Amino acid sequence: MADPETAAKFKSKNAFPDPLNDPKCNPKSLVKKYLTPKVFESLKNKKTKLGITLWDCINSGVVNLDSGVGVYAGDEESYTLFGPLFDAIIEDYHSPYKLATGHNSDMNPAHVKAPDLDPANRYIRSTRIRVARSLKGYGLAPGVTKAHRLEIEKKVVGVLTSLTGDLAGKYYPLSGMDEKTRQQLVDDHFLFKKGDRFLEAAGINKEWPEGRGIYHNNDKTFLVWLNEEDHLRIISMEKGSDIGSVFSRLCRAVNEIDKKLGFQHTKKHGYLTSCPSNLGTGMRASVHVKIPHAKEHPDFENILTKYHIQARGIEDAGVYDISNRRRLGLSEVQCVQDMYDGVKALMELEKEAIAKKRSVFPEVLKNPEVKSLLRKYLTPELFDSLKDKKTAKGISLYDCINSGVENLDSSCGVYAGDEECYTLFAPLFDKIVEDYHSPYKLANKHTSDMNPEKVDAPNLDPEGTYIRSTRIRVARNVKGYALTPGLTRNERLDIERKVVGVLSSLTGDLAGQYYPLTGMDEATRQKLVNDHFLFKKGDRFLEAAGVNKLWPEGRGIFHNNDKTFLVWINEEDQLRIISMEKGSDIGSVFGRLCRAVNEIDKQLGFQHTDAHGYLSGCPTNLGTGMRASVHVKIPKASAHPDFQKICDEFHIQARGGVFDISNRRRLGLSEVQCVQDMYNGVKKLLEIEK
């Protein structure tokens, strides 16, 4: 809706912008509201030291009649020299703030008291704090000279590239940027392009793109936009709820630039920005939180009003963007504290509602047509006796059974959040384990054996006539942490870091590289699809169990150069380790698998008990956590009346005229014994197709 032509005719005559009376103009426009003919004539001949006029400031609002505010400050002096205009605009926008009152700034993180609100990521999805800042000694963005914009870049980059620790990173200037860098920054949502029709008419687009640039730390949790709408747009953000950490990281960086360079700042306005809407703190603090039940709640609006925050909706059903509505009259510390307390109060509403509905027996389980293992063993008696206990990591019975409740068509419907779940909720888990893993009894206990030399497997089909492929997978979880459904944000990131650290140290047969899912370009994605190495987000069963939290943060893929060794990280289990080969050499596949699994084990360790073997969030993956597969062509021995008599002696099953043959048992036998059985069974099947 930009009409630059019409405005230019009024600007060149230094005449009152008549378009501000054209019915299409925004009724709520502040420049329309407060730029009266008497204001205009009183100021139309005034100019700042930098040459900024009244028309320069108001121009964007006349070009873009749909403007909410409609004015931009060319410099600091513009706020005072055109005071009769800016004051009325500021006190309208920032109501009930009064310029006479004064503003107080506070960038000391220690003043904020904010223990991590939602480490388990049950409700809060992401946290983001933005500040706008302008350097001492220069004009603001609409009025900065060509040389000054460059000098600002030079000084800012000098400070930013000296940043240490988690703030260390790289600067990417827009001028000279190549296509690969441009795409990387687009994929990370870090890029900004030429200003819209609002920045254009404000004169902010001058000399594009000279002096513009992007800085970001290696973690990609800190972002700086240089010379966009203001000199500095500084952003601290991350998934999860730790706003205390976010504000701490922001202030460490901001105060460093402050001490070395200095910001434009007054008592009246706080920190000076191009648009008056960004005065004071220059801050936008935001949190994304799934809060469906609290919205319905009668005290919802009162909490927002109390803490001066607002809620806007944006997969993300029930998810709201909570953010501050004030920038003047409160400090940065105060803005974050209201933000913290406000979210906390909102989260407590959502928690109360969920607690109430989780207080009673899942009535939906009373339907006789629900044939899940959950319904079979979860009597109201058992439910009542367990419903109020929680593990050391905050896992409850309802957390464990939630997927089976939400998904009535589950076969099992029960997941474990941590190791303690298998003991604390043993009345439920024991019966489910022994049912699915029948005839195994927990008292028998389980023996793990990852010694490949204890397997006697001379190659069956070296010709490659019958057995096309052989594949052995094991599911594993890293010791010292919760299981996948109960992982906190920092646990999942720790698991990725340490596992990646181990896999990179692998040599010989197992040397390879790691592809994280976060920030993966389309080229890598495609070539992983070709090899069938790429995994996607979990289904509705895993979603309801809490497995898909913060996707895809902390998820990644590793494979060796020979395409014979694959590791999925933080998918369904923390570690899904697969050995693959062409042909029939099971002993070679298992040997390679053992070499890698044993090394990861020594350096990191696995979650393991005598009664369950290796622990998984999914009770189906206990014991060996192993699926051994043989893709074999058997048209004839599939018919010999000794198929059952062999497929049952060696506990194997057949599907897939090529047939996939897999082990049926995971619990009660060792990995060695399981592999040996698959061998012994396929051998006799091959002693019939021979």
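Residue positions are given as counts along the sequence shown, with the first one as 1.
Notably, residue 658 is an intermittent gap: at least a third of the other compared entries of this protein, restricted to those modelling both its neighbours, have no coordinates for it. Judged by the one-third criterion across other entries of this protein, residue 315, though modelled here, is missing from at least a third of those that model both its neighbours. Gap check for residue 656 to residue 657: 10 or more deposited residues are absent from the model.
Count the deposited residues lacking coordinates between residue 314 and residue 315 and you get 4 to 9 of them. Between 152-160 and 362-370, it is 362-370 that carries the larger average Cα temperature factor according to the deposited entry. Per the PDB record, of the two stretches 179-187 and 225-233, 179-187 carries the greater mean B-factor over its C-alpha atoms. Per the deposited coordinates, the residue with the largest Cα temperature factor out of 442, 81, 353, 254 is 353. Highest C-alpha temperature factor among 166, 321, 496, 381, as the PDB entry reports it: 381. Annotation for residue 644: CA B-factor lies in the highest third of the chain's modelled residues. Among all modelled residues in its chain, residue 31 ranks in the middle third by Cα B-factor.
For residue 25, the recorded CA temperature factor ranks within the highest third of the chain's modelled residues. Ranked by Cα temperature factor within the chain, residue 40 sits in the middle third according to the deposited record. When the modelled residues of the chain are ordered by C-alpha B-factor, residue 61 sits in the middle third.
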